[PDB]
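Asker:
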Ligand SMILES: [Mg+2]
Ligand SMILES: [Zn+2]
Ligand SMILES: [Zn+2]
Ligand SMILES: [Zn+2]
Ligand SMILES: [Zn+2]
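Residue numbers (the UniProt record's numbering), protein chains in the order written: chain A, 1 to 334; chain B, 1 to 211, 225 to 228; chain C, 363 to 370, 376 to 480, 490 to 510; chain D, 898 to 939; chain E, 380 to 531; chain F, 987 to 1062; chain G, 1366 to 1440; chain H, 117 to 235, 250 to 313; chain I, 1145 to 1242; chain J, 9 to 27, 38 to 147.
(1) Run the CB neighbour count on residue 290 of chain H, radius 10 Å, all protein chains shown included, and call it buried at 16 or more, exposed below.
(2) Would you mind sorting residue 233 of chain H into buried or exposed? The rule is 16 or more other CB atoms within 10 Å of its CB.
(3) Name the residue from A/249, A/77, A/230 whose alpha carbon lies nearest to the alpha carbon of residue 174 of chain A.
(4) CB residue 468 of chain C to CB residue 192 of chain B, shorter than 7 Å?
(5) Identify which residue in I/1208, I/1217, I/1233 has its Cα closest to the Cα of residue 3 of chain B.
(6) Please list, in chain order, all residues with a C-beta atom less than 5 Å from at least one heavy atom of ligand 4.
(7) Helix or strand or just coil, what does DSSP make of residue 111 of chain A?
(8) Quick check: the Cα distance between residue 498 of chain E and residue 449 of chain E, rounded to an integer number of angstroms?
(9) State the Cα-Cα distance for the pair residue 195 of chain H and residue 207 of chain H, rounded to the nearest angstrom.
(10) Taking 7 Å as the CB-CB limit, is residue 1169 of chain I close to chain C?
(11) Expressed to the nearest angstrom, what Euclidean distance is found between the alpha-carbon atoms of residue 1416 of chain G and residue 1211 of chain I?
(12) Can you find a CB in chain C that lies within less than 7 Å of the CB of residue 906 of chain D?
(13) Determine whether the beta carbon atoms of residue 444 of chain E and residue 431 of chain E lie at a separation below 7 Å.
(14) Whether or not the stretch 53–69 of chain J and the stretch 1396–1411 of chain G are in contact is what I'm after, with contact meaning three or more pairs of Cβ atoms, one per stretch, closer than 8 Å; do they touch?
(15) Would you check whether ligand 1 has a heavy atom nearer than 6 Å to the C-beta of residue 918 of chain D?
(16) With 8 Å as the limit, tell me which residues of the stretch 405–428 of chain E have their beta carbon closer than that to any beta carbon of chain F; keep them in chain order.
(17) Taking DSSP's pairing of strands, which residues face residue 11 of chain B in a bridge?
(18) Touching or not, the stretch 1148–1159 of chain I and the stretch 423–441 of chain E, by the rule of three or more beta carbon pairs under 8 Å?
(19) Alpha carbon to alpha carbon, how far is residue 1196 of chain I from residue 40 of chain B? Give it in angstroms, no decimals.
(20) Does chain J have any CB closer than 7 Å to the CB of residue 10 of chain A?
(21) Tell whether a beta-carbon distance below 7 Å holds between residue 79 of chain J and residue 117 of chain J.
(22) Within a Cβ cutoff of 6 Å, which residues of the same chain sit near residue 330 of chain A, ignoring the five residues on either side of it in sequence?
(23) Taking residue 412 of chain C as the reference, which of E/490, E/384, E/516 has the closest Cα?
(24) Can you check the stretch 399–465 of chain C for any alpha helix (DSSP H) of at least 4 residues that lies completely inside it and give the ranges in chain order?
(25) With H, G and I counted as helix, E and B as strand and the rest as coil, what does DSSP make of residue 84 of chain B?
(26) Kindly list the residues whose CB is nearer than 6 Å to the CB of residue 182 of chain B, restricted to its own chain and excluding five residues on each side of it in sequence; keep chain order.
(27) Could you please go through the chain and list the residues whose beta-carbon is closer than 7 Å to any non-hydrogen atom of ligand 5?
(28) Could you please give the first and the last residue of the uninterrupted beta strand (DSSP E) stretch that includes residue 50 of chain A?
(29) With ligand 2 as the reference, list in chain order each residue whose Cβ lies under 6 Å from any of its heavy atoms.
(30) Could you run through the stretch 407–419 of chain C and flag, in chain order, every residue whose CB is less than 7 Å away from some CB of chain I?
(31) Give the secondary structure of residue 124 of chain J by DSSP, where H, G and I count as helix, E and B as strand, and everything else as coil.
(32) What in chain A is Cβ-close to residue 90 of chain J, meaning under 8 Å?
(33) Note down, in chain order, every chain I residue with its Cβ under 8 Å from the Cβ of residue 303 of chain A.
(34) What three-state label does DSSP hand residue 302 of chain A in the structure shown?
(35) Taking 6 Å as the cut-off, is the beta-carbon of residue 213 of chain B closer than that to any non-hydrogen atom of ligand 3?
(36) For chain A, is any of its Cβ atoms less than 7 Å away from the one on residue 1 of chain B?
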């Protein structure tokens, strides 16, 4: 996810006297020329926010060049993708030799290889923009490279889900930390309104585990807007309100938690149970309220960004028509 | 990019185990061929990934010419382990202070818990310890005999029962030594005796063996 | 300079006229502003070997003539010296990741004329060196 | 006496003249860059 | 070394350059007044390496490093077969240092004995005695104006 | 002032108090005395050892050089 | 009273592995440094020289930085 | 004790070592800035910054063995299955995007907090300076005055003309300086 | 022609440098060494062919430019050939409080 | 059968006489990078080093300035000199040198590089001219 980062580096100054007379500006220019758009220290670095601390322009001591170096401690805006990250725009550039290459068209430049041994793949062709979910293998940020490296696959609703048992109560500091993700979700929901409703409905129908009756029943829009589909069993709970009144000490997160496929994978909806009524084929993950809340909020952010990027890349019906195999295998695995 | 200016402030010396060789090796030597015509044979000791010493080819590893290439080490996975030639005395000292069955120290660590660290192992190995009984597995420590025919062969003397201590057996013995025993004997955690036996030796960069040491 | 001219007879005026011509041409070259001046600077200032071929093609755009190996090349937008033919071959070999011996052998067409170095027949630039063969 | 086709490594700044049948004749002044005794491999 | 090409150019291939560009590096011959490092092995003293101003001997038949006999005390040298190493600093920093830090004027006073190193030697000592003595076998040690001028 | 720095100037203090005694400075004006003190301060500053001197190597050279002469009188 | 031999150097600068290798007996010094995991700070002359660097003495004892204020106000 | 690789051992229990690291270790790691979020989170749990390891693993404590070093030890078989499941979930979480964001934000905040927490001449000397002010226009002795006027004396030494300290002169070798500059 | 041990001792007794630098690096085998600064091992840096990598810790490579000589690089390679690990700590970066 | 090029076997004889615990964490083993330092500049009134440049410092300043004028050359000097060495020397003498002298007094274990910053334009110059 796009985030800030603080880096430490030593520059090289070939004209120390000219590099002065404007040190902050020349420093920023050199940092942009060196580190912008290049993987460095387990991150990608998109732009340089500014210089926090810096050294005096020391003259090089071990050579007779007269050059200076200077140490720079600068804050930069970086992108760190993770496993299960949803990239809605991946352009395939290679399909022969059973390697299936790709390239993300999103803000985060990751080049994604897709396994060909799996029968699910080998359906996309060159020049086909199709969403991809990153595998659980960690993104590979080679220093100095112009793009990240990861392995992903064609996204599937993934009916398998996890149940989180919560035995530790939230604290005030942890809730304040979660407020950042709550704000990120709030901006995501705000941006959700600009995208045209019919495209978001079509995409959300496509990437849903179960079947929704021809994208006409109800008007799922979240950002408040209390709607809901499927409703296999039990009542969703609004995680945003729960975290907001968690700051107010008017609630308890103790219990069982899950986000089953019946829930909308984009909505701020979750079940706070006490008996593990869910029929998942896995034992509950005993953890704290912070762990479960962070996991659910990251899932919500990933899905909201996924829907927004899907609406961004396919902004017309010509692209939808062009993708001759993308939209029907996803409806096949339902 | 843009490798910034730097100066070396300190140098750390350590025993290089086979894990370090595997991490630092850019290539694995597998063949005995030297040159494939006018070019080094791939996988040989002259392989260009190790650096270039001739104008007739570049490096490959660093894509530099002969002048700008500092050379890069390789790996030779030994089919049988070898003892580190520089630390034969350290192997001998470690063999005489730990039980060859369970790896526990046959010596009393409290006995040497007043000496300086560089001397604890030397004094532990100075004591006889032949015929001592392990308090863990009740085994009898043999007589560690250094063969007089070469600088590396070790002999296990069990009241006349003579058996050769092969580097594989020595590695099995040294791998049972805990880091607690290593520290209590005055050695660094980077000086674990498990690094004294090499299953993957480092073939040096061609920069230090130009086109005899390659024979 | 005077004693050189009295001891030179009409050729004396040719000397001091050609001298003024070269001086004005050199002043114009110093004040020249063809777009290649940043381009030739970028070509020789070591950058990535993938970018170098693109820049060298960008230089080839401003070529006045296809000079295999005869003489200099001129900035088509200004008519002044642009790039020696050996630089084109040298940049070709750099991108090809050719060896030093291969570069020396291929560049043994611009060789002019202990120095241990070959120099260009056109621009007198160091092509390569040969001290000893290993 | 090597030739341009015989080159592959001709010494920069060398003369390669004054060579008769591969050797500089007796009585010839030879300077720093002059090639005395011409020998070619391959 | 042309900056625009970032490479070294032979002087015989630069017949069309007329002048030199700013940022160019010219490798010129050693001239009189240049500083040079003079060294005699074994280098045992702080004055074993000193910096002298170069005087270029234009006689083609001279192949030796000539020096004043009073400068030999710095190097413990004599003119009976001794060989000395001489290298001219070419870089700017080295030249600055040679003319500012390693010049033999800094080694006139010994670092060892805290006293002078150089002075009159052999012919100069005897000559000073002969010039400053009151009487010669020929009478009072005097010279006319012409020979007094010739001393200077 | 640290004690060792006070002891470092003991000899120069002695020499100044001897050579600038009242009996010896009767024909010196106050401005001349100021000039004399300034010259002494300048000469003292010019005599200090430089920061970063390799004085160990200087001592090694200065003591090893007489050793060859000590050898040259080994038969004496 | 330490000596000027190898023993005196060992007593005075045990950590300066490079200096002791440069003096004499490089093989034993290297072996002992590897066994003891010796950290060798780079100081003096022999240690920087063996690492290809220059000693930080003489002209290099004090480092030089650019007077940024003065350069800005006097271009 | 220690056993060699691929050596048959018989598992009676399993103890997780709750390693404790100082916050300075995490601060050094954040200053290096290139560590993966899993190791960063592991060390932050080692310190008292995050408690995710103890959050995930203290639910299967079943303390029956002690032995000095702090940790959790599982003896019964079902406790072993629960311990393994909790370990797998904990380490999947440490490599998850949510904990990656949390640990990157924590390292950011700590480094940012640390960085933001970081931050009359005497009559004779008057005359001498006046003399050097005229000499500055004609010789490289651009004058400055400090308390002891040590640079002033040093400049009066290189050029000669140290006599101005005690003699009126001044104009004597001022014109000599004019002649030298002219030459 | 050799500038031996005693010549270097004399030059460093004068406190020269910049002449030890010139003769021993620019007029000798002086080169550039690259160290990862995270593990201390010799790193692989190439500007023309884009190579910024470390055979040790990979994503943690922070390559520093260190002036060195080919003799010292060969000496360290020889020490490592005898299974002695050489790690260069590298001078820490110093920052002025903003 | 006769080999002449022997290698002269080499012998070292004077031996040196230098005078819970878990496997390894990510802190004790590793962290070769060394923590970054902060520059603690001593206040001008607390400085104890000489206000006069040493010959080493002045020589280094002149060399650095002249090398910089080799690639640059925008000079604040009044009189024109034909060599960078003379220009740098006159810049030092005219107190127009754009460099500063940092004297690292001490590097503390806590990570402080205590230094004294000296301005060569307010310092005594010991060089000759
Ligand atoms: Mg003699
Ligand atoms: Zn290489
Ligand atoms: Zn046992
Ligand atoms: Zn050319
Ligand atoms: Zn590394």
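We treat Cβ as the ideally placed atom computed from N, Cα and C, and that holds for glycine.
Answerer: Working from what's here:
(1) In the eighth chain, the residue the question calls residue 290 of chain H occupies position 160. Exposed, because fewer than 16 other Cβ atoms sit within 10 Å of the Cβ of residue 290 of chain H.
(2) By one-based count along the eighth chain, residue 233 of chain H stands at place 117. Exposed, since its Cβ has fewer than 16 Cβ neighbours within 10 Å.
(3) Position 174 of the first chain, counting from 1, holds the residue named residue 174 of chain A. Among A/249, A/77, A/230, the Cα nearest to that of residue 174 of chain A is on A/249.
(4) Against the third chain, residue 468 of chain C aligns to sequence position 101. Against the second chain, residue 192 of chain B aligns to sequence position 192. Going by C-beta atoms, residue 468 of chain C is not nearer than 7 Å to residue 192 of chain B.
(5) Here residue 3 of chain B is taken as the residue at index 3 of the second chain, counted from 1. For the residues I/1208, I/1217, I/1233, the minimum Cα distance to residue 3 of chain B belongs to I/1208.
(6) C/451, C/453, C/496, C/498, C/499, C/501
(7) Locating residue 111 of chain A in the first chain gives position 111, where the first residue counts as 1. DSSP places residue 111 of chain A in strand when its eight states are reduced to three.
(8) Sequence index remark: in the fifth chain, residue 498 of chain E carries index 119 (1-based). Sequence index remark: in the fifth chain, residue 449 of chain E carries index 70 (1-based). The alpha-carbon atoms of residue 498 of chain E and residue 449 of chain E are separated by roughly 6 Å.
(9) By 1-based counting over the eighth chain, the position of residue 195 of chain H is 79. By 1-based counting over the eighth chain, the position of residue 207 of chain H is 91. So the alpha carbons of these two residues sit roughly 18 Å apart.
(10) Looking up residue 1169 of chain I in the ninth chain gives position 25. So, not an interface residue.
(11) The residue given as residue 1416 of chain G occupies position 51 in the seventh chain. The residue given as residue 1211 of chain I occupies position 67 in the ninth chain. Approximately 9 Å between the Cα atoms of the pair.
(12) Taking the first residue of the fourth chain as position 1, residue 906 of chain D is located at position 9. Answer yes: the Cβ-Cβ gap between residue 906 of chain D and chain C drops below 7 Å somewhere.
(13) One-based indexing of the fifth chain puts residue 444 of chain E at position 65. One-based indexing of the fifth chain puts residue 431 of chain E at position 52. No, Cβ-Cβ distance for residue 444 of chain E and residue 431 of chain E is not below 7 Å.
(14) no
(15) Sequence index remark: in the fourth chain, residue 918 of chain D carries index 21 (1-based). Checking the Cβ of residue 918 of chain D against ligand 1 gives no.
(16) So the list reads 423, 424, 425, given in the order they occur along the chain.
(17) Numbered from 1 along the second chain, position 11 holds the residue referred to as residue 11 of chain B. Note: residue 11 of chain B sits in a beta bridge opposite G/1405, I/1232.
(18) yes
(19) Taking the second chain and counting its residues from 1, one reaches residue 40 of chain B at position 40. Taking the ninth chain and counting its residues from 1, one reaches residue 1196 of chain I at position 52. Their Cα atoms are separated by approximately 25 Å.
(20) Residue mapping note: residue 10 of chain A aligns to position 10 of the first chain, counting from 1. False, the Cβ-Cβ gap to chain J never drops below 7 Å.
(21) Along the tenth chain, one-based indexing puts residue 79 of chain J at 61. Along the tenth chain, one-based indexing puts residue 117 of chain J at 99. In this structure, residue 117 of chain J lies closer than 7 Å to residue 79 of chain J by Cβ.
(22) Taking the first chain and counting its residues from 1, the one referred to as residue 330 of chain A is at position 330. These residues qualify, in order along the chain: 206.
(23) Translated into positions along the third chain, residue 412 of chain C becomes position 45. Among E/490, E/384, E/516, the Cα nearest to that of residue 412 of chain C is on E/384.
(24) 403–411, 416–428, 452–462
(25) Indexing the second chain from 1 puts residue 84 of chain B at position 84. Note: residue 84 of chain B maps to coil in three-state DSSP.
(26) To locate residue 182 of chain B, count along the second chain from 1; it is residue 182. Here the set comprises 192.
(27) These are the residues, in chain order, with a beta carbon less than 7 Å from any non-hydrogen atom of ligand 5: I/1180, I/1182, I/1183, I/1185, I/1187, I/1198, I/1200, I/1201, I/1204, I/1205.
(28) As a position in the first chain, residue 50 of chain A is number 50, starting the count at 1. Segment 47–54, the beta strand (DSSP E) holding residue 50 of chain A.
(29) That gives B/51, B/59, B/61, B/62, B/64, B/69, B/72.
(30) 413, 415, 416
(31) Counting from 1 along the tenth chain, the entry for residue 124 of chain J is found at position 106. Residue 124 of chain J: strand per DSSP, three-state reduction.
(32) Residue mapping note: residue 90 of chain J aligns to position 72 of the tenth chain, counting from 1. By Cβ distance, chain A contributes 15, 17, 18.
(33) To locate residue 303 of chain A, count along the first chain from 1; it is residue 303. Ordered by position in chain I, no residue passes the 8 Å Cβ test against residue 303 of chain A, which lies about 28 Å from the chain.
(34) Taking the first residue of the first chain as 1, we reach residue 302 of chain A at position 302. Three-state result, residue 302 of chain A: helix.
(35) For residue 213 of chain B, no position is available: the coordinates of chain B end at 211 and pick up again at 225.
(36) One-based indexing of the second chain puts residue 1 of chain B at position 1. Yes, residue 1 of chain B lies at the interface with chain A (some Cβ there is under 7 Å from its Cβ).
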